[PDB]
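J.: Dumping the structure here so I can ask a few things about it.
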Amino acid sequence: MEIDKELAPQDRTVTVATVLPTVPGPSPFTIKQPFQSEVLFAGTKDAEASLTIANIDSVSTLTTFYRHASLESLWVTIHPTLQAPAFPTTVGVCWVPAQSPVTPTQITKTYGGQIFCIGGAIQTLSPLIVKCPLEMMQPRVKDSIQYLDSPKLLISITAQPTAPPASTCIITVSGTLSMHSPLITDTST
Amino acid sequence: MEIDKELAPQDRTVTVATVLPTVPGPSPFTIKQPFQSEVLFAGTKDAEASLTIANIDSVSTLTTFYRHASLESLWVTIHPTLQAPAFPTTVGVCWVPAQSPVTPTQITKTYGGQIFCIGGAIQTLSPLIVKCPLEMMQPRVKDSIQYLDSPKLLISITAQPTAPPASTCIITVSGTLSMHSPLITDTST
Amino acid sequence: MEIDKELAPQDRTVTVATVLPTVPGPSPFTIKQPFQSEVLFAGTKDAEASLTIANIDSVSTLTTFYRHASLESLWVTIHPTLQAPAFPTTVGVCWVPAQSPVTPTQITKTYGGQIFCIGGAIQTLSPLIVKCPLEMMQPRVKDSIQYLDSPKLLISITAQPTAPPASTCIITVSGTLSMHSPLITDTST
Amino acid sequence: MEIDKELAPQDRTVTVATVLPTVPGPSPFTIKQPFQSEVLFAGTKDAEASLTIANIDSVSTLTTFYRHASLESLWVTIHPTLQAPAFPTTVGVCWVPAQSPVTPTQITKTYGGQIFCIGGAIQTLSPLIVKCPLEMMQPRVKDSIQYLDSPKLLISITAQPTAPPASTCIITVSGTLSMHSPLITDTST
Amino acid sequence: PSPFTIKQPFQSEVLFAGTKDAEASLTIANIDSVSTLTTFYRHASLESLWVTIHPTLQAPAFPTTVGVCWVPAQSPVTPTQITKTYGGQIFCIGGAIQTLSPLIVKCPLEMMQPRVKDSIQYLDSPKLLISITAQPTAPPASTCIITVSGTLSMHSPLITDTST
Amino acid sequence: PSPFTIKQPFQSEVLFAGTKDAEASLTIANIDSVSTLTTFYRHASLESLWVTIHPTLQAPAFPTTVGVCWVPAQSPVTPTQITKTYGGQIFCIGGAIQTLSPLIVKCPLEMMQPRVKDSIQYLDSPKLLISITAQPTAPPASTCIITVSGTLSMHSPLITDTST
């Protein structure tokens, strides 16, 4: 059967991060929490965006109150809008560790870097998905220390010269994270 | 589920290369480093390209510090832009050993030779890719000697008469390198 | 996954050729050589072409110097151009033994005969392939004698009334052949 | 990989024919001969067709020299032309035993009856084919007697009002014949 | 699993001294040659490291007091106190002894954090201290060149712009 | 089968320095002493190699800045950047320290192609870089001599005119 869900996984390679093992002791209980964070309403003008995932509101807030929290799964979705057909848009995407100094401008010079045309031609409007390869990133987003290779997302938008009246597509990033160890603070709000 | 990739593998055949063996002794420490290299912003005018992989930005750069470098995987990807739907474009492509006397215009007279129409609301804009058949070539882009069959890339662009405002598609070339035995030089920058 | 390669194999039947067996003796070494020969740049005007494959330059030259050479594999490819979408073209194709007196005009009255619309509508721009069925042809293209049932290719083009500014598609034929027994002649050029 | 063929098999059911046994004795030498027959250059105006396969050019011709001829396979193919994209066309089709009183206009009132829209940038131009269900009919197109259920083909064309310059699609009929026991006649020509 | 590292050596010009008195506090992981090699990796450790003092022909005419000392990044030491700290030592580059193996001073990585690029920021990586005291009636050009060499052990590719 | 090689040592005068500033980029397999020994063989590898700086009596009166650096033929380095590259190092030859074993600088063949003559042309054979900076008010004669010695491991006779 069909599935309105097209996905373009990023070329990869083997690269690890060094993570802090826990001190010897008793395993704490862990719970998982998922989310979807708005990243950008594009298509109207060329624009770009780079962002350390570990720092967006959705994460920041779910983690308030816990000392540690890693990322179980993470990806970004491109949701084509109703303006996408009449106005084909170019979107660039790349998952990269916080420490990589690349800018969206150079997505195409970067290894995993990808580029898509959104709308305007046969099969272009299914929503797109690029799973982030935590396999080669730094999954931890809250720990006893701050890491510098947590996931960072690079997005590049190249809009129509004669632009659309509104965003041709929405980009959200979503995933789910695990956390444990309560952060003993003021709970009264 | 659907994947946003289209493959146009080159017709192949047996034809091999020869290479010398690093000096007897202990296997030297070796790294692997991947890359994507901007090769062409096509679509606006017709153009050619005779690229000796061995010395394209990303590669020359990477290898810059080693005396030995072999290619573990190589391919060219054609990312269609937002102008692709409005402006079909003929793109030719051929993988050939550096020392093959062919010119882009001759892609169609050469065995592997391949050409496609990219664009138009009628066709699919999935990025199109031609993994390069290194078995057919000479994988060593850097050694103690000058091989003459390193891979060479042939690209032919035929653009719309009433051409587009900007490039209808981008051509990158990605791969992974296996370099070793460092070559002394200015580390300054 | 997807593959920019659509193929329409020809209806077939069982029909053999009588081939000259070699004289009793020692097997000679055999090598294979492949190729791609330009057949026609169509779409601009109605035109047609019929040709004994065994006689095209690419073959003629590879075989210079050998006494025997059969065809290991052979097919024809239709490569849609950037004009194909804006200008749908009708292409006819048929593999037939040299001895068949059919003309491209009557491809449709001939058994295997095929007809395609190129471009202009959904899924029309993938390059087309008709493997030649040597199974029912005369594979030998250079021997101790000339045969009359070697492969012959028939092509028919029916262009738009209001024609395109340039060829809507390229037709190349490609394949690979085996050869042996050197032809003792003047090698000095 | 993709194949440029689309099948529209006719809804079926049990219903058989009867046939007489060639005179007792030794099996007679028998040949098989295939064919493709031009049946209709449709698209420009509406039209019908009540074809008794038994006597269409290719068949009558082939059988011309035998007293017995059975059909081993039969089908109709609809090859869309270069005008198909610009001009959709309704094509009706039905396989029926010669002695079934149906007229093309009645395709839709008959069991197997089938009709499709051929053309328009929206639909696929893959040649469409209806293998004929000979089990349902009378395969003998030539015998010592006159069978009344040989296959009959019904075609109905409904053309664009603002009709096209030329036929939007061609209809052939191909098959393979099994004739035997030669019938004496003028071999002259 | 397993690593798959490479080792890469270097020599970095860090100071042309002798023209005027001068001080210097260098966090190694930031010196050009390093920040350059490491550019494409996620981890890089130092397998060996030292400072070298190449002397020019100015030396004989203009003797120079040169002090250097290896220390771990978060050591509170200032180049003025080289001789008060362990690794430290001072030299004279002049019309006397100069270049019986362009004086090197091996940095004792056993005493610090060799890691110079990781998933995190370390504070005890190698730091180099330099104190110069020159002729009052100064020389025309630099009296000596100070480099620091060693070799790196990097692994795990940092995905970035490979262009250049 | 088996080899049947011989080893032959040498010292080659490559530069008389000290009279004027000067640069030099020497592809070892081409220096006289070598192109000479190798003359009768089809293969020759280097088993050891280094540069030596013999100083004259001019040295004391006219100190000279002398830099040298070993590198593999296809290294893009220019003698001006000796101190920016690993092997590299600079000296002072003068009225101070000079000749506590006529300073040598071992070439690290582990880091290059020792083969200097083969069935083919290699590009990473040893190259020697030299940078000289002399007294403005120059000396009368050369301040020091620069040779490079080592030993060769040749085999397989190259059939030629044995006459001389």
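The chains in the structure tokens are called A, B, ... from first to last as shown; in each chain the residues are counted from 1, and the ligands are counted from 1 in the order shown.
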Could you give me, as a Markdown table, every chain B residue with an atom at most 12 Å from chain D, plus its closest atom pair and distance in Å to one decimal, counting only C-alpha atoms, rows ordered by chain then number?

T.:
| residue | atom | partner | partner_atom | distance |
| --- | --- | --- | --- | --- |
| B:6 | CA | D:1 | CA | 11.6 |
| B:7 | CA | D:1 | CA | 10.9 |
| B:8 | CA | D:1 | CA | 11.4 |
| B:120 | CA | D:121 | CA | 11.6 |
| B:121 | CA | D:121 | CA | 9.7 |
| B:122 | CA | D:121 | CA | 7.6 |
| B:123 | CA | D:121 | CA | 11.0 |

J.: If you keep C-alpha atoms, can you produce a file of those selected residues as a short mmCIF file (atom, residue, chain, number, x, y, z; two decimals), in the first residue's frame?

T.:
data_model
loop_
_atom_site.label_atom_id
_atom_site.label_comp_id
_atom_site.auth_asym_id
_atom_site.auth_seq_id
_atom_site.Cartn_x
_atom_site.Cartn_y
_atom_site.Cartn_z
CA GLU B 6 17.19 7.47 -8.33
CA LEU B 7 20.12 5.43 -9.65
CA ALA B 8 21.48 5.36 -13.18
CA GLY B 120 9.72 19.45 -16.42
CA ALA B 121 6.53 19.01 -14.39
CA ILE B 122 6.33 15.61 -16.14
CA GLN B 123 9.45 13.91 -14.66
#

J.: From chain E, collect each residue whose DSSP state is strand (DSSP E) and return the set as an MDAnalysis selection string.

T.: chainID E and resid 6:17 22:27 41:55 64:72 89:93 104:106 115:117 126:133 144:157

J.: Go ahead and align chain E to chain F (same sequence, so just pair every C-alpha in order, least squares) and export the moved chain as a short mmCIF file (atom, residue, chain, number, x, y, z; two decimals) with C-alpha atoms, in the first residue's frame.

T.:
data_model
loop_
_atom_site.label_atom_id
_atom_site.label_comp_id
_atom_site.auth_asym_id
_atom_site.auth_seq_id
_atom_site.Cartn_x
_atom_site.Cartn_y
_atom_site.Cartn_z
CA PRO E 1 64.64 -16.26 -7.15
CA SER E 2 66.78 -13.80 -5.07
CA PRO E 3 68.32 -10.24 -5.19
CA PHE E 4 72.19 -10.06 -4.96
CA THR E 5 72.57 -6.36 -4.01
CA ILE E 6 75.59 -4.27 -2.84
CA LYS E 7 75.69 -1.29 -0.51
CA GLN E 8 77.79 1.75 -1.43
CA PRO E 9 78.28 4.89 0.77
CA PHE E 10 79.05 8.49 -0.20
CA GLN E 11 79.37 12.16 0.77
CA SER E 12 78.32 14.80 -1.71
CA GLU E 13 79.30 18.44 -1.75
CA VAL E 14 76.02 20.24 -2.40
CA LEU E 15 76.67 23.77 -1.29
CA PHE E 16 79.38 26.20 -0.29
CA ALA E 17 77.58 28.81 1.72
CA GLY E 18 78.17 32.00 3.59
CA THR E 19 79.05 34.47 0.86
CA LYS E 20 75.51 35.57 -0.03
CA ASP E 21 71.94 34.74 0.94
CA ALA E 22 70.77 31.64 -0.91
CA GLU E 23 68.05 29.02 -1.25
CA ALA E 24 68.21 25.40 -2.51
CA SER E 25 65.81 22.55 -3.33
CA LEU E 26 67.64 19.30 -3.94
CA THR E 27 66.06 16.14 -5.28
CA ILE E 28 68.54 13.66 -3.88
CA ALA E 29 68.44 11.03 -6.56
CA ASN E 30 70.00 13.62 -8.86
CA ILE E 31 73.00 14.75 -6.89
CA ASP E 32 76.31 13.80 -8.59
CA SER E 33 77.52 11.23 -6.05
CA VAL E 34 74.25 9.33 -6.55
CA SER E 35 73.63 9.67 -10.25
CA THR E 36 77.17 8.35 -10.35
CA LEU E 37 77.02 5.23 -8.20
CA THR E 38 73.61 4.22 -9.58
CA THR E 39 74.96 4.61 -13.10
CA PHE E 40 75.26 0.85 -13.56
CA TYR E 41 72.11 -0.40 -11.87
CA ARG E 42 68.41 -0.75 -12.54
CA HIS E 43 67.37 -0.32 -8.89
CA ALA E 44 68.84 1.63 -5.99
CA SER E 45 67.35 2.30 -2.57
CA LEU E 46 68.70 4.47 0.22
CA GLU E 47 69.48 2.72 3.49
CA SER E 48 70.59 5.83 5.34
CA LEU E 49 70.94 9.50 4.62
CA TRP E 50 71.64 12.86 6.22
CA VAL E 51 73.07 16.31 5.75
CA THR E 52 76.30 17.51 7.35
CA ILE E 53 77.46 21.11 7.76
CA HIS E 54 81.24 21.43 7.86
CA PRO E 55 82.20 24.95 9.03
CA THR E 56 85.27 26.86 7.86
CA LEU E 57 87.47 29.30 9.77
CA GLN E 58 85.34 32.06 8.31
CA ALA E 59 82.52 31.04 10.61
CA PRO E 60 83.80 32.74 13.77
CA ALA E 61 84.31 36.05 11.99
CA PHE E 62 81.11 35.76 10.00
CA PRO E 63 78.23 34.00 11.77
CA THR E 64 75.72 32.55 9.34
CA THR E 65 72.07 31.61 9.64
CA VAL E 66 71.71 28.16 8.10
CA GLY E 67 68.46 26.29 7.80
CA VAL E 68 67.87 22.85 6.38
CA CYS E 69 64.99 20.46 6.13
CA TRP E 70 64.32 16.98 4.83
CA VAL E 71 61.17 16.47 2.80
CA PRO E 72 59.59 14.06 0.27
CA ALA E 73 60.05 15.32 -3.29
CA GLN E 74 56.43 16.25 -3.92
CA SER E 75 56.08 18.33 -0.80
CA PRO E 76 55.13 21.92 -1.79
CA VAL E 77 57.47 23.42 0.73
CA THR E 78 59.82 26.25 -0.11
CA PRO E 79 63.08 26.76 1.88
CA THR E 80 61.59 30.00 3.23
CA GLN E 81 59.19 27.92 5.29
CA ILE E 82 61.65 25.54 6.90
CA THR E 83 60.65 26.35 10.44
CA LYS E 84 56.96 25.84 9.62
CA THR E 85 57.53 22.21 8.67
CA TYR E 86 58.30 19.18 10.86
CA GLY E 87 61.78 17.94 9.99
CA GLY E 88 63.04 21.47 9.62
CA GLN E 89 65.47 23.30 11.79
CA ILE E 90 67.74 26.34 11.71
CA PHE E 91 71.31 26.86 12.91
CA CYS E 92 73.82 29.55 13.60
CA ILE E 93 77.36 28.94 12.43
CA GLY E 94 79.65 31.46 14.09
CA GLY E 95 81.76 33.01 16.86
CA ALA E 96 79.64 31.00 19.30
CA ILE E 97 78.82 27.22 19.14
CA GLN E 98 80.11 25.55 15.92
CA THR E 99 81.10 21.87 15.31
CA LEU E 100 80.29 19.73 18.38
CA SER E 101 80.02 16.97 15.70
CA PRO E 102 79.68 19.07 12.41
CA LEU E 103 75.92 19.09 12.90
CA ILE E 104 74.07 16.50 10.95
CA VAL E 105 70.38 16.16 10.39
CA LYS E 106 69.30 12.59 9.81
CA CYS E 107 66.80 12.27 7.02
CA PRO E 108 63.81 10.12 8.13
CA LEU E 109 63.49 7.68 5.27
CA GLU E 110 60.65 6.08 7.23
CA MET E 111 58.77 9.12 5.99
CA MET E 112 59.53 8.86 2.27
CA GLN E 113 60.44 6.76 -0.75
CA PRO E 114 64.02 5.49 -0.36
CA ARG E 115 63.99 4.11 -3.87
CA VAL E 116 65.96 6.51 -6.14
CA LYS E 117 66.15 4.46 -9.35
CA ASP E 118 63.64 1.84 -10.46
CA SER E 119 61.63 0.44 -13.32
CA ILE E 120 59.58 3.63 -12.76
CA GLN E 121 59.66 7.24 -11.62
CA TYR E 122 58.67 7.90 -8.02
CA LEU E 123 57.64 11.35 -6.80
CA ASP E 124 58.19 11.01 -3.08
CA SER E 125 61.94 10.42 -3.03
CA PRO E 126 64.02 12.55 -0.56
CA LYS E 127 64.37 16.29 -1.26
CA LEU E 128 66.61 18.58 0.80
CA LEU E 129 65.80 22.17 1.55
CA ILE E 130 68.40 24.79 2.37
CA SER E 131 68.07 28.41 3.40
CA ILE E 132 71.05 30.70 3.94
CA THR E 133 71.15 34.20 5.36
CA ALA E 134 74.62 35.80 5.42
CA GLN E 135 76.37 38.77 7.00
CA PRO E 136 75.30 41.99 5.28
CA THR E 137 78.95 43.00 5.26
CA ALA E 138 79.78 39.62 3.67
CA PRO E 139 82.80 37.32 4.32
CA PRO E 140 85.67 36.77 1.86
CA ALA E 141 85.18 33.04 1.32
CA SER E 142 82.54 30.43 2.10
CA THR E 143 81.59 30.16 5.75
CA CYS E 144 80.76 26.48 5.64
CA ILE E 145 80.37 23.48 3.41
CA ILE E 146 77.23 21.47 3.13
CA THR E 147 77.39 17.82 2.19
CA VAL E 148 74.90 15.06 2.46
CA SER E 149 75.98 11.51 2.89
CA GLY E 150 74.35 8.13 3.21
CA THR E 151 74.53 4.68 1.69
CA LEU E 152 72.87 3.09 -1.34
CA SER E 153 71.47 -0.40 -1.94
CA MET E 154 71.63 -1.12 -5.62
CA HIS E 155 71.06 -4.27 -7.71
CA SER E 156 70.34 -5.51 -11.22
CA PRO E 157 72.92 -4.25 -13.78
CA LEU E 158 72.01 -1.56 -16.23
CA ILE E 159 73.76 -2.61 -19.42
CA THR E 160 75.65 0.42 -20.74
CA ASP E 161 79.04 1.73 -21.85
CA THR E 162 81.37 0.38 -19.17
CA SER E 163 84.29 2.16 -20.89
CA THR E 164 84.33 4.92 -18.26
#

J.: Please, which residues of stretch 1-180 of chain D, numbered as in this document, come out helix (DSSP H, G or I) from DSSP, as a PDB file with N, CA, C and O atoms, in the first residue's frame?

T.:
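Contents of out.pdb, as written:
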ATOM      1  N   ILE D  53     -11.109 -11.897 -36.339  1.00  0.00           N
ATOM      2  CA  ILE D  53      -9.688 -12.195 -36.455  1.00  0.00           C
ATOM      3  C   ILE D  53      -9.370 -13.104 -37.610  1.00  0.00           C
ATOM      4  O   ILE D  53      -8.462 -12.841 -38.399  1.00  0.00           O
ATOM      5  N   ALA D  54     -10.127 -14.187 -37.689  1.00  0.00           N
ATOM      6  CA  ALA D  54      -9.920 -15.166 -38.734  1.00  0.00           C
ATOM      7  C   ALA D  54      -9.512 -14.593 -40.087  1.00  0.00           C
ATOM      8  O   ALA D  54      -8.759 -15.240 -40.821  1.00  0.00           O
ATOM      9  N   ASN D  55      -9.999 -13.403 -40.440  1.00  0.00           N
ATOM     10  CA  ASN D  55      -9.606 -12.855 -41.726  1.00  0.00           C
ATOM     11  C   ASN D  55      -9.080 -11.438 -41.763  1.00  0.00           C
ATOM     12  O   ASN D  55      -9.600 -10.594 -42.477  1.00  0.00           O
ATOM     13  N   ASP D  57      -5.660  -9.006 -42.501  1.00  0.00           N
ATOM     14  CA  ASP D  57      -4.489  -9.125 -43.368  1.00  0.00           C
ATOM     15  C   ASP D  57      -3.496 -10.194 -42.949  1.00  0.00           C
ATOM     16  O   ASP D  57      -3.459 -11.272 -43.540  1.00  0.00           O
ATOM     17  N   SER D  58      -2.719  -9.917 -41.911  1.00  0.00           N
ATOM     18  CA  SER D  58      -1.696 -10.861 -41.475  1.00  0.00           C
ATOM     19  C   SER D  58      -2.160 -12.314 -41.411  1.00  0.00           C
ATOM     20  O   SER D  58      -1.513 -13.196 -41.960  1.00  0.00           O
ATOM     21  N   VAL D  59      -3.292 -12.566 -40.774  1.00  0.00           N
ATOM     22  CA  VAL D  59      -3.786 -13.930 -40.645  1.00  0.00           C
ATOM     23  C   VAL D  59      -4.198 -14.574 -41.955  1.00  0.00           C
ATOM     24  O   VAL D  59      -3.637 -15.588 -42.358  1.00  0.00           O
ATOM     25  N   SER D  60      -5.197 -14.004 -42.613  1.00  0.00           N
ATOM     26  CA  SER D  60      -5.641 -14.581 -43.866  1.00  0.00           C
ATOM     27  C   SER D  60      -4.380 -14.933 -44.664  1.00  0.00           C
ATOM     28  O   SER D  60      -4.185 -16.076 -45.101  1.00  0.00           O
ATOM     29  N   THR D  61      -3.506 -13.944 -44.797  1.00  0.00           N
ATOM     30  CA  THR D  61      -2.264 -14.096 -45.528  1.00  0.00           C
ATOM     31  C   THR D  61      -1.471 -15.323 -45.096  1.00  0.00           C
ATOM     32  O   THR D  61      -1.257 -16.240 -45.874  1.00  0.00           O
ATOM     33  N   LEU D  62      -1.042 -15.343 -43.847  1.00  0.00           N
ATOM     34  CA  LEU D  62      -0.260 -16.461 -43.327  1.00  0.00           C
ATOM     35  C   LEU D  62      -0.834 -17.860 -43.632  1.00  0.00           C
ATOM     36  O   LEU D  62      -0.141 -18.724 -44.209  1.00  0.00           O
ATOM     37  N   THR D  63      -2.093 -18.052 -43.221  1.00  0.00           N
ATOM     38  CA  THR D  63      -2.865 -19.290 -43.373  1.00  0.00           C
ATOM     39  C   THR D  63      -3.119 -19.671 -44.813  1.00  0.00           C
ATOM     40  O   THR D  63      -3.402 -20.831 -45.126  1.00  0.00           O
ATOM     41  N   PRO D 104     -19.803  -2.736 -31.292  1.00  0.00           N
ATOM     42  CA  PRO D 104     -18.914  -1.906 -30.478  1.00  0.00           C
ATOM     43  C   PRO D 104     -19.623  -0.981 -29.491  1.00  0.00           C
ATOM     44  O   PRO D 104     -19.134  -0.738 -28.389  1.00  0.00           O
ATOM     45  N   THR D 105     -20.773  -0.454 -29.888  1.00  0.00           N
ATOM     46  CA  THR D 105     -21.509   0.441 -29.006  1.00  0.00           C
ATOM     47  C   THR D 105     -21.978  -0.289 -27.763  1.00  0.00           C
ATOM     48  O   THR D 105     -22.239   0.320 -26.727  1.00  0.00           O
ATOM     49  N   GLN D 106     -22.066  -1.606 -27.863  1.00  0.00           N
ATOM     50  CA  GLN D 106     -22.535  -2.411 -26.750  1.00  0.00           C
ATOM     51  C   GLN D 106     -21.452  -2.972 -25.846  1.00  0.00           C
ATOM     52  O   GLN D 106     -21.751  -3.767 -24.955  1.00  0.00           O
ATOM     53  N   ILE D 107     -20.205  -2.566 -26.064  1.00  0.00           N
ATOM     54  CA  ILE D 107     -19.094  -3.059 -25.244  1.00  0.00           C
ATOM     55  C   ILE D 107     -19.434  -2.989 -23.765  1.00  0.00           C
ATOM     56  O   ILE D 107     -19.226  -3.938 -23.008  1.00  0.00           O
ATOM     57  N   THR D 108     -19.979  -1.855 -23.363  1.00  0.00           N
ATOM     58  CA  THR D 108     -20.343  -1.642 -21.981  1.00  0.00           C
ATOM     59  C   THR D 108     -21.539  -2.461 -21.480  1.00  0.00           C
ATOM     60  O   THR D 108     -21.852  -2.400 -20.299  1.00  0.00           O
ATOM     61  N   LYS D 109     -22.201  -3.228 -22.349  1.00  0.00           N
ATOM     62  CA  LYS D 109     -23.354  -4.039 -21.922  1.00  0.00           C
ATOM     63  C   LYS D 109     -22.978  -5.516 -21.923  1.00  0.00           C
ATOM     64  O   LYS D 109     -23.752  -6.398 -21.499  1.00  0.00           O
ATOM     65  N   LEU D 134      -8.472 -17.091 -25.372  1.00  0.00           N
ATOM     66  CA  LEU D 134      -8.913 -18.118 -26.304  1.00  0.00           C
ATOM     67  C   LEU D 134      -9.634 -19.306 -25.684  1.00  0.00           C
ATOM     68  O   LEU D 134     -10.371 -20.016 -26.367  1.00  0.00           O
ATOM     69  N   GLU D 135      -9.416 -19.522 -24.395  1.00  0.00           N
ATOM     70  CA  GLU D 135     -10.073 -20.606 -23.677  1.00  0.00           C
ATOM     71  C   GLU D 135     -11.586 -20.354 -23.823  1.00  0.00           C
ATOM     72  O   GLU D 135     -12.398 -21.274 -24.007  1.00  0.00           O
ATOM     73  N   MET D 136     -11.923 -19.071 -23.778  1.00  0.00           N
ATOM     74  CA  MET D 136     -13.280 -18.549 -23.898  1.00  0.00           C
ATOM     75  C   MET D 136     -13.824 -18.630 -25.319  1.00  0.00           C
ATOM     76  O   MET D 136     -15.027 -18.466 -25.555  1.00  0.00           O
TER      77      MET D 136
END

J.: Under the rule that only C-alpha atoms are counted, which of C:151, C:171, C:21, C:86 is the nearest residue to residue C:129?

T.: C:171

J.: Leaving out residue D:142 and any residue of its chain fewer than 6 positions from it, which residues lie within 7 Å of it when counting only C-alpha atoms, given as a list in words?

T.: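 Everything that qualifies: residues 67, 68, 69 and 70 of chain D.
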
J.: Convert the current residue selection to file output with N, CA, C and O atoms, as a JSON list (two decimals), in the first residue's frame.

T.:
[["chain", "number", "residue", "atom", "x", "y", "z"],
["D", 67, "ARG", "N", -4.65, -25.92, -44.60],
["D", 67, "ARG", "CA", -6.07, -26.20, -44.44],
["D", 67, "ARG", "C", -6.44, -26.19, -42.96],
["D", 67, "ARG", "O", -7.62, -26.21, -42.61],
["D", 68, "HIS", "N", -5.44, -26.16, -42.08],
["D", 68, "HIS", "CA", -5.67, -26.14, -40.63],
["D", 68, "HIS", "C", -4.78, -25.08, -39.98],
["D", 68, "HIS", "O", -3.58, -25.04, -40.24],
["D", 69, "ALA", "N", -5.36, -24.24, -39.13],
["D", 69, "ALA", "CA", -4.61, -23.18, -38.44],
["D", 69, "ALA", "C", -5.26, -22.83, -37.11],
["D", 69, "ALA", "O", -6.40, -22.38, -37.08],
["D", 70, "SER", "N", -4.52, -23.03, -36.03],
["D", 70, "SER", "CA", -5.01, -22.73, -34.68],
["D", 70, "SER", "C", -4.20, -21.58, -34.10],
["D", 70, "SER", "O", -3.02, -21.41, -34.40]]

J.: Within 10 Å of residue C:160, counting only C-alpha atoms, which residues show up once you throw out same-chain ones fewer than 5 positions away? Write them as a ChimeraX atom specification, please.

T.: /C:43-46,87-90 /D:82-83,165

J.: Report as a PyMOL selection string all protein, DNA and RNA residues lying within 7 Å of residue B:157, evaluated on only C-alpha atoms, omitting residues in the same chain fewer than 5 positions from it.

T.: chain B and resi 42+46-48+90-92

J.: Pick out the residues sitting within 10 Å of residue B:11, and hand them over as number ranges by chain; count only C-alpha atoms, and ignore anything fewer than 3 positions along from it in its own chain.

T.: B: 8, 111-114, 133; C: 34-35, 174-175

J.: Using N, CA, C and O atoms, can you write the selected residues to a file as a short mmCIF file (atom, residue, chain, number, x, y, z; two decimals), in the first residue's frame?

T.:
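Produced file again39.cif, reproduced below:
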data_model
loop_
_atom_site.label_atom_id
_atom_site.label_comp_id
_atom_site.auth_asym_id
_atom_site.auth_seq_id
_atom_site.Cartn_x
_atom_site.Cartn_y
_atom_site.Cartn_z
N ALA B 8 21.26 5.60 -11.76
CA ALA B 8 21.48 5.36 -13.18
C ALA B 8 22.87 4.79 -13.24
O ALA B 8 23.83 5.49 -13.54
N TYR B 111 31.17 3.77 -24.31
CA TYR B 111 30.41 2.72 -23.65
C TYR B 111 29.52 3.10 -22.47
O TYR B 111 28.30 3.05 -22.57
N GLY B 112 30.12 3.44 -21.34
CA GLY B 112 29.30 3.80 -20.19
C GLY B 112 28.33 4.96 -20.43
O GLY B 112 27.25 5.03 -19.81
N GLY B 113 28.74 5.86 -21.34
CA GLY B 113 27.99 7.05 -21.72
C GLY B 113 26.52 7.03 -21.36
O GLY B 113 25.83 6.05 -21.62
N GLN B 114 26.05 8.13 -20.79
CA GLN B 114 24.66 8.21 -20.35
C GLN B 114 24.13 9.62 -20.38
O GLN B 114 24.85 10.56 -20.05
N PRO B 133 32.17 3.14 -10.98
CA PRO B 133 32.71 1.78 -10.98
C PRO B 133 34.23 1.70 -10.88
O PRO B 133 34.90 1.42 -11.87
N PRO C 34 33.36 -3.68 -25.63
CA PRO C 34 32.02 -3.08 -25.61
C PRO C 34 31.99 -1.79 -26.40
O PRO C 34 33.03 -1.35 -26.88
N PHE C 35 30.83 -1.15 -26.48
CA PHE C 35 30.73 0.10 -27.24
C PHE C 35 29.36 0.76 -27.16
O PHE C 35 28.40 0.19 -26.65
N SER C 174 24.08 0.04 -28.10
CA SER C 174 25.28 -0.34 -27.41
C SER C 174 25.25 -1.84 -27.19
O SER C 174 24.21 -2.49 -27.35
N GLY C 175 26.40 -2.37 -26.82
CA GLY C 175 26.52 -3.79 -26.58
C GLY C 175 27.99 -4.13 -26.45
O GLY C 175 28.84 -3.24 -26.32
#

J.: Using Å and a single decimal, report how far atom CA of residue B:150 sits from atom CA of residue B:132.

T.: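 Straight-line distance from atom CA of residue B:132 to atom CA of residue B:150 works out to 11.6 Å.
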